[PDB]
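Chains as they are written, first to last, in the entry's author numbering: chain K, 2 to 207; chain L, 1 to 65; chain G, 1 to 263; chain N, 1 to 158. The beta-carbon is built from N, C-alpha and C at its ideal position, and this holds for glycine as well. Comments concern the structure below.
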Amino acid sequence: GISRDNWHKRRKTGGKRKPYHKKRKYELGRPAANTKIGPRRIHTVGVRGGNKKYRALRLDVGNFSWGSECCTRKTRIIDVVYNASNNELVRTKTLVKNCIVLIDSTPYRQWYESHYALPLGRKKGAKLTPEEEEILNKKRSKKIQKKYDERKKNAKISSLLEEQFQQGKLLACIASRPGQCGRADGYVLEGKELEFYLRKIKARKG
Amino acid sequence: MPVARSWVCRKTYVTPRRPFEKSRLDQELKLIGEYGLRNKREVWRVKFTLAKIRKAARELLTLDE
Amino acid sequence: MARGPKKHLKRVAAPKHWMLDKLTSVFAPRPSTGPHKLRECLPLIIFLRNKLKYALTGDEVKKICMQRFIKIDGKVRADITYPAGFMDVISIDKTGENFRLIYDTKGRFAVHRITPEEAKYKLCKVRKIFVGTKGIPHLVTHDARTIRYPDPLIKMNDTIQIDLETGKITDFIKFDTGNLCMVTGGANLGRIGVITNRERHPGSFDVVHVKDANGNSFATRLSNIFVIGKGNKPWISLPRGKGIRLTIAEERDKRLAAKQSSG
Amino acid sequence: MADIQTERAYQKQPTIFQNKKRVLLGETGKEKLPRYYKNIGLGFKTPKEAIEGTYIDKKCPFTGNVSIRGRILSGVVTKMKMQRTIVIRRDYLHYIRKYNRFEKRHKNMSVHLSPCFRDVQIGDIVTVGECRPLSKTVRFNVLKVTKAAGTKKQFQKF
RNA sequence: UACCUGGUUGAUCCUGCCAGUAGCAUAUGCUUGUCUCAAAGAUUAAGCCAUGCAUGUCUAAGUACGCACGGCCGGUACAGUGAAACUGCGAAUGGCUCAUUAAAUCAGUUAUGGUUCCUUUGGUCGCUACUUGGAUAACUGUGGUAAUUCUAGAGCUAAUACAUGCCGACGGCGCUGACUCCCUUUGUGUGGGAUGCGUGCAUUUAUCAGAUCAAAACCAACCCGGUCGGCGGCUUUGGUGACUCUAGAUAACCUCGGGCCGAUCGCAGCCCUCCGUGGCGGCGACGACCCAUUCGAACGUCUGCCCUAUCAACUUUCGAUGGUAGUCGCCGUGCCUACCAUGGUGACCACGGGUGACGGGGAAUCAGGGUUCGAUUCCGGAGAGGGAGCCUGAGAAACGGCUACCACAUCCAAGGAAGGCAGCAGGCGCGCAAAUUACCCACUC
RNA sequence: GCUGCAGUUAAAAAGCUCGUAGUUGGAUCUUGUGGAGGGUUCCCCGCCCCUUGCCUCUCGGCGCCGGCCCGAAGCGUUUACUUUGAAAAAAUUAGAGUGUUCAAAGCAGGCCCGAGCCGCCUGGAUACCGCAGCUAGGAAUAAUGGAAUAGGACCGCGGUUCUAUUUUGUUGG
RNA sequence: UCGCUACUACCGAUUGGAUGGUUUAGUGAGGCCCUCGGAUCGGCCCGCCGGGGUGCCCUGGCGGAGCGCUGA
Ligand SMILES: [Mg+2]
Ligand SMILES: [Mg+2]
Ligand SMILES: [Mg+2]
Ligand SMILES: [Mg+2]
Ligand SMILES: [Mg+2]
Ligand SMILES: [Mg+2]
Ligand SMILES: [Mg+2]
Ligand SMILES: [Mg+2]
Ligand SMILES: [Mg+2]
Ligand SMILES: [Mg+2]
Ligand SMILES: [Mg+2]
Ligand SMILES: [Mg+2]
Ligand SMILES: [Mg+2]
Ligand SMILES: [Mg+2]
Ligand SMILES: [Mg+2]
Ligand SMILES: [Mg+2]
Ligand SMILES: [Mg+2]
Ligand SMILES: [Mg+2]
Ligand SMILES: [Mg+2]
Ligand SMILES: [Mg+2]
Ligand SMILES: [Mg+2]
Ligand SMILES: [Mg+2]
Ligand SMILES: [Mg+2]
Ligand SMILES: [Mg+2]
Ligand SMILES: [Mg+2]
Ligand SMILES: [Mg+2]
Ligand SMILES: [Mg+2]
Ligand SMILES: [Mg+2]
Ligand SMILES: [Mg+2]
Ligand SMILES: [Mg+2]
Ligand SMILES: [Mg+2]
Ligand SMILES: [Mg+2]
Ligand SMILES: [Mg+2]
Ligand SMILES: [Mg+2]
Ligand SMILES: [Mg+2]
Ligand SMILES: [Mg+2]
Ligand SMILES: [Mg+2]
Ligand SMILES: [Mg+2]
Ligand SMILES: [Mg+2]
Ligand SMILES: [Mg+2]
Ligand SMILES: [Mg+2]
Ligand SMILES: [Mg+2]
Ligand SMILES: [Mg+2]
Ligand SMILES: [Mg+2]
Ligand SMILES: [Mg+2]
Ligand SMILES: [Mg+2]
Ligand SMILES: [Mg+2]
Ligand SMILES: [Mg+2]
Ligand SMILES: [Mg+2]
Ligand SMILES: [Mg+2]
Ligand SMILES: [Mg+2]
Ligand SMILES: [Mg+2]
Ligand SMILES: [Mg+2]
Ligand SMILES: [Mg+2]
Ligand SMILES: [Mg+2]
Ligand SMILES: [Mg+2]
Ligand SMILES: [Mg+2]
Ligand SMILES: [Mg+2]
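In structure tokens form, the structure reads like this:
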């Protein structure tokens with residue numbers, strides 16, 4: 002079937018080479034996965050030596066990380082925004098390594114408000130009266146100075162990141178190959194990477 | 001094709017280049033008659049062994065003592 | 001043609017220090033996978049039926065081994081193509097005799113009966129020192145043995161004497177200039193001497209010099225040195241000749257002058 | 001080198017992180033970007049233009065992810081027309097045995113030149129090391145550039 | 001043994017060839033008493049093949065309700081030998097042939113710090129439980145078709161097949177922080193703490209540390225030599241030429257039906273605050289995640305090739321040379337995709353063509369140098385009429401496996417079924433040209 | 001026909017010249033002696049300047065009466081060449097041993113006891129394996145290179161400028 | 001030069017033939033992958049009986065309903 006052999010190529014001089022043998026099995030095919038977004042399905046391929054290998058199709062949940070905070074959570078993947086290799090991989094919402102994805106951003110908000118005792122980007126406060134000010138402004142006399150005042154000074158999320166938390170989504174990069182592992186892990190963009198990718202996105206579409 | 005046999009063998013004589021040489025002929029017949037040999041192959045045999053001994057000796061003789 | 005691993009060995013392609021004929025048949029024992037490499041081992045059938053003449057065919061050595069008589073390094077081996085190798089100990093207690101596979105002088109194993117008190121330990125050369133999970137130091141010796149928790153001052157190329165019954169490294173000799181050694185590969189396969197030098201070529205094949213007990217010097221690669229003593233004093237018992245490699249002229253003089261024909 | 005972002009993806013060294021820190025640790029003089037580099041060994045010295053300067057080359061020997069092992073050859077530069085890739089020529093003599101005489105022969109090699117070296121021009125002598133296949137016809141990397149011969153880089157006043 | 005001889009002329013001296021001379025290997029002719037050794041359908045047709053055989057396998061130790069025998073009486077893991085069938089393993093080795101193949105194979109040399117590896121040897125094995133579920137063989141019985149190593153319906157019964165799934169011994173630390181105790185309220189200088197969460201190795205992503213340089217002066221706070229404002233005095237896995245290595249710490253993730261942590265079989269034994277069980281005791285077989293070892297396999301580095309110019313320019317969206325991101329792959333890599341750059345080879349013979357070309361170790365001849373041969377018993381490669389595509393498996397693009405097309409060809413009850421001798425014998429054809437349809441696993445394995 | 005052929009007339013030098021690659025290329029850059037191996041000057045240790053040799057320090061084992069010193073780290077611009085080591089399957093080839101009854105072959109075999117030894121001795125060597133790659137001596141021969149609009153060298157200094165992060169006990173301005 | 005016999009090679013209408021090797025364009029068996037598909041086969045949940053307990057529950061069996069969920 003499909004083959005990865007070197008012997009169908011021209012040699013460096015531009016000359017043809019003639020084959021000496023039929024196609025082997027250590028030179029195999031196995032067409033692409035083309036992971037979409039949706040309810041999970043994962044098939045399993047038997048490869049050289051045994052060693053099953055998981056090929057994902059329609060993943061919808063990932064394990065992403067925030068490196069400044071060292072805080073990693075399970076999250077939902079919403080959409081793909083950028084793709085350095087092709088552009089038809091954003092029209093079809095296929096999810097490959099080094100893609101740029103939107104995630105749900107909620108568990109990071111939960112951990113942040115719980116760890117710092119301080120809010121994210123919030124517009125108005127009425128929902129904070131029955132609940133959430135319960136977490137953020139917890140009724141305790143011990144700790145609530147000594148601990149959380151050492152949590153403060155450090156709780157200075159940058160302009161772009163705190164602007165992200167308002168619309169309820171983030172920008173993340175996949176750092177794992179879902180076609181080989183069946184997992185869509187990665188890390189949320191920050192700093193100059195975030196600026197570069199935001200400018201690229203703004204420049205491409207529209 | 002694979003077999004437990006050996007194929008090592010060799011000839012033990014060499015014919016003379018000049019086939020009809022009266023001197024060689026009568027000298028080899030003198031030698032056959034006085035030692036009561038059957039053939040001339042039995043003279044060429046001894047000639048071959050003497051020639052190989054001479055070759056080995058001359059070969060060793062050119063090295064430095 | 002060759003889609004997988006092979007399992008036959010031709011008699012003409014077998015190692016030469018097995019000292020086989022060429023008229024018995026097309027095939028050779030083909031030692032099974034073990035702790036010693038294929039070209040550097042000595043199967044059980046060859047050691048028993050060829051060097052010891054205890055057996056006369058392959059059936060006889062099979063039915064000698066199938067009676068739990070032969071012990072290699074303490075344990076009872078039932079296979080007749082087991083790859084016994086350097087510094088191993090054979091034990092046949094039905095007759096009360098123990099051997100030790102060591103190259104004699106001419107690049108082949110000898111028959112080297114030893115005392116039963118000496119057939120308890122064996123010397124092993126260290127090839128690898130790595131750390132496992134939870135920071136436990138491991139060893140790897142020249143016969144695939146793995147030791148956990150060695151004292152953290154033994155390194156590569158050092159020799160360790162181990163108890164055959166328990167593992168449990170007992171003592172060790174260090175690779176240094178001045179230590180007795182036997183060469184276990186190459187052209188000087190069997191000769192014994194002191195180190196006196198170690199040339200170093202970063203990137204490939206650091207060579208080592210040796211000088212035996214008669215003023216003769218010879219070099220080898222570091223991959224073939226085997227420290228067997230502190231210096232001028234072996235830890236295992238040496239065979240007859242003691243790796244001296246007397247030349248062909250001295251060989252002839254000693255074989256003629258002694259007139260070694262019979263008793 | 002003011003802007004090394006020329007391709008459609010963010011070029012950055014792996015194993016380097018843009019961390020959480022305070023205001024004005026530097027607004028110019030400390031831009032919070034360290035440099036990964038390693039020493040090749042075998043006596044080759046890492047050039048300072050790889051430690052100081054900034055560029056993204058995963059295939060460089062000194063800062064990228066590649067290991068030099070095996071053979072070490074040398075040659076003269078013949079062509080510099082590819083991106084980070086040069087063509088060097090090695091000449092030698094082949095001894096024919098029938099006649100007792102030699103004959104001149106040559107081989108060409110495509111080799112990888114890191115942006116660490118910026119002084120190379122046709123005619124220099126170049127040392128190379130052996131790496132894993134880096135492309136269809138590239139297996140070597142330039143370790144060292146030298147030019148200490150006649151008609152030197154310029155008039156000899158050094 | 002570094003060698004020559006006849007032939008142009010009326011005769012002579014040369015150039016120069018024809019012929020003679022010796023070996024070697026294919027055929028053929030005539031002739032053949034003894035004995036040891038032993039090549040043998042390569043050349044041409046990798047042309048076609050009637051018949052028989054060439055791959056199977058059980059120990060005390062996976063499943064024994066065949067009365068198939070058979071015991072001293074019966075089955076109370078149940079006697080014992082044990083057909084058949086399920087299960088496990090092997091069938092990828094060996095044998096044969098040389099069609100293809102010209103930097104390809106192959107040889108010497110090195111590299112996997114860029115990969116996989118059944119088995120062997122050594123390390124690793126604890127974060128209803130006195131034992132779970134249903135359901136198929138053989139066997140019994142009814143059948144279908146011209147026909148095959150075709151197979152359907154019906155009735156039973158097992159597992160080391162298929163599928164579930166606890167028990168123990170955790171007395172396990174870190175993060176939480178109701179509350180709580182002295183004096184500085186508080187912050188902080190002090191000491192307990194329920195409560196909850198996570199807590200083995202293996203996978204995936206991210207992050208942290210990866211320790212010892214050459215000396216002193218003030219100021220805010222602290223250890224010790226001791227004191228209620230300050231002087232002398234410590235800084236701690238392993239390895240490589242070199243790793244983004246090995247090991248460590250943190251936050252999560254789990255792939256289940258799709259990691260591990262034993263519902264398995266055989267030999268022979270001991271104490272009971274005690275009357276068969278509460279208990280424990282050795283020796284094996286098998287199985288199994290991971291690491292190392294062994295046997296390899298694959299992909300790479302440097303150098304090495306017969307004739308040809310009546311082959312001088314070749315290669316390139318039908319990837320040609322390089323760059324960035326990815327897909328796929330056991331892994332490195334235009335291997336393949338997207339976007340860029342315009343490169344790469346050549347008179348030191350590239351590119352194209354031919355080979356009655358598989359490469360080498362080697363063989364014949366040989367003063368010194370050379371010339372010719374190597375289908376062929378050892379190593380490597382390739383193929384099973386020609387191409388192509390796959391299943392199982394550690395390992396195959398397998399043909400003594402399967403699925404199609406082409407070329408041949410067999411049986412038919414014309415609906416259908418079945419095939420691959422370049423394995424050993426044998427046969428037809430081709431030719432100048434090559435053996436018995438024998439016996440045996442006694443030797444080597 | 002490289003060793004090793006021919007081209008006036010036997011077969012044969014392009015009609016003539018220029019010219020890139022290819023092949024080839026002039027001369028020139030340190031010498032005696034003390035001891036010591038081979039003679040009676042001449043060919044490993046060192047003296048007219050040097051004669052492995054300059055160094056820069058540092059940690060490891062070495063002198064001696066806290067102090068005194070040489071071997072250890074770079075290496076001699078590089079190569080080709082030449083000598084030597086390492087690493088290269090067996091079989092075949094050369095070659096050592098051995099009365100197959102001789103030889104071609106093969107890897108065997110030889111002794112002493114009436115058997116009363118429940119045995120003993122001994123071999124299965126060695127050479128060659130080009131070219132390419134690895135390694136260390138030699139420095140003739142042949143290549144290649146150095147400062148002419150200089151800079152070599154000494155703790156020579158002057159200025160500006162970056163900084164390693166050790167000790168001042170530790171943590172920090 | 002012309003002429004006789006015999007042998008060899010050449011040019012050539014025949015728009016020759018045989019065997020092939022590439023090859024534009026069109027069709028395209030079969031396997032593999034993906035998205036569907038759903039012949040059939042079970043389990044769960046409710047009465048009567050048999051076995052156990054407190055008119056009901058648990059294993060099982062029977063006929064069945066809802067055939068609702070559901071797995072292959
Ligand atoms: Mg082929
Ligand atoms: Mg596996
Ligand atoms: Mg085979
Ligand atoms: Mg075997
Ligand atoms: Mg004449
Ligand atoms: Mg005449
Ligand atoms: Mg002739
Ligand atoms: Mg007779
Ligand atoms: Mg044939
Ligand atoms: Mg048949
Ligand atoms: Mg049985
Ligand atoms: Mg097995
Ligand atoms: Mg199998
Ligand atoms: Mg045959
Ligand atoms: Mg060709
Ligand atoms: Mg090559
Ligand atoms: Mg090779
Ligand atoms: Mg090779
Ligand atoms: Mg094991
Ligand atoms: Mg049934
Ligand atoms: Mg690329
Ligand atoms: Mg890549
Ligand atoms: Mg061009
Ligand atoms: Mg060509
Ligand atoms: Mg061709
Ligand atoms: Mg051919
Ligand atoms: Mg040939
Ligand atoms: Mg000769
Ligand atoms: Mg051949
Ligand atoms: Mg042929
Ligand atoms: Mg044949
Ligand atoms: Mg090979
Ligand atoms: Mg094949
Ligand atoms: Mg055929
Ligand atoms: Mg298997
Ligand atoms: Mg096939
Ligand atoms: Mg086969
Ligand atoms: Mg079949
Ligand atoms: Mg067949
Ligand atoms: Mg046949
Ligand atoms: Mg046969
Ligand atoms: Mg005939
Ligand atoms: Mg014949
Ligand atoms: Mg015939
Ligand atoms: Mg047999
Ligand atoms: Mg002549
Ligand atoms: Mg004339
Ligand atoms: Mg003339
Ligand atoms: Mg002239
Ligand atoms: Mg000159
Ligand atoms: Mg011989
Ligand atoms: Mg002989
Ligand atoms: Mg050489
Ligand atoms: Mg040299
Ligand atoms: Mg005619
Ligand atoms: Mg066509
Ligand atoms: Mg198509
Ligand atoms: Mg299809």
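As the crow flies, the alpha-carbon of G132 of chain G is around 35 angstroms from that of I56 of chain N. Here the alpha carbon of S86 of chain K sits roughly 8 angstroms from the alpha carbon of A9 of chain N. For the beta strand (DSSP E) assignment, the uninterrupted runs of no fewer than 3 residues enclosed by the stretch 124 to 165 of chain G are, from N- to C-terminal side, 136 to 141, 146 to 148 and 159 to 163.
Put simply, the CB of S159 of chain K is far from chain N, with every gap to its CB atoms at 7 angstroms or more.
In the three-state DSSP reduction, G123 of chain N falls in the coil class, being neither helix nor strand. With three or more CB-CB distances shorter than 8 angstroms, the stretch 25 to 38 of chain K counts as touching the stretch 2 to 13 of chain K.
DSSP places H106 of chain N in the uninterrupted beta strand (DSSP E) bounded by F102 to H112. In terms of beta-carbon proximity, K20 of chain N lines the interface with chain K, with at least one pair separated by less than 7 angstroms. Considering only G:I195, G:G85 and G:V183, the residue with the shortest C-alpha distance to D143 of chain G is G:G85.
Taking all protein chains shown into account, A2 of chain G has fewer than 16 neighbouring C-beta atoms within 10 Å of its C-beta and is therefore exposed. Unbroken alpha helix (DSSP H) stretches of 4 residues or longer found wholly inside the stretch 9 to 34 of chain G: none. Neighbours of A9 of chain N across chain K, judged by C-beta separation under 8 angstroms: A85 and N99. From the beta-carbon of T24 of chain G, the residues of chain L found nearer than 8 angstroms are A4.
Interface with chain K (7 angstroms Cβ-Cβ cutoff): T15 of chain N is excluded. Interface criterion not met: the Cβ of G207 of chain K is under 7 angstroms from no Cβ in chain N.
For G187 of chain K, there are no neighbours in chain N by C-beta distance under 7 angstroms, as the nearest C-beta there is about 14 angstroms away.
For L42 of chain N, the chain G residues whose Cβ falls inside 7 angstroms of its Cβ are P202 and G203, in order along the chain. Assignment of beta strand (DSSP E) within the stretch 166 to 201 of chain G, counting only whole runs of 3 or more residues, yields 167 to 173, 180 to 182 and 192 to 198 in chain order.
At a C-beta separation below 7 angstroms, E191 of chain K has these neighbours in chain N: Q18. 7 angstroms or more divides the Cβ of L162 of chain K from the Cβ of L190 of chain K. DSSP places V43 of chain L within a helical segment (H, G or I) once states are collapsed to three. Positions of the beta strand (DSSP E) runs, each at least 3 residues long and wholly inside the stretch 18 to 48 of chain K, are given as 42 to 48 in order along the chain. Along the stretch 61 to 76 of chain K, the positions whose C-beta sits under 8 angstroms from a C-beta of chain N are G68, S69 and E70, read in chain order. The DSSP assignment places complete alpha helix (DSSP H) segments of no fewer than 4 residues inside the stretch 34 to 110 of chain G at 58 to 65, in order along the chain.
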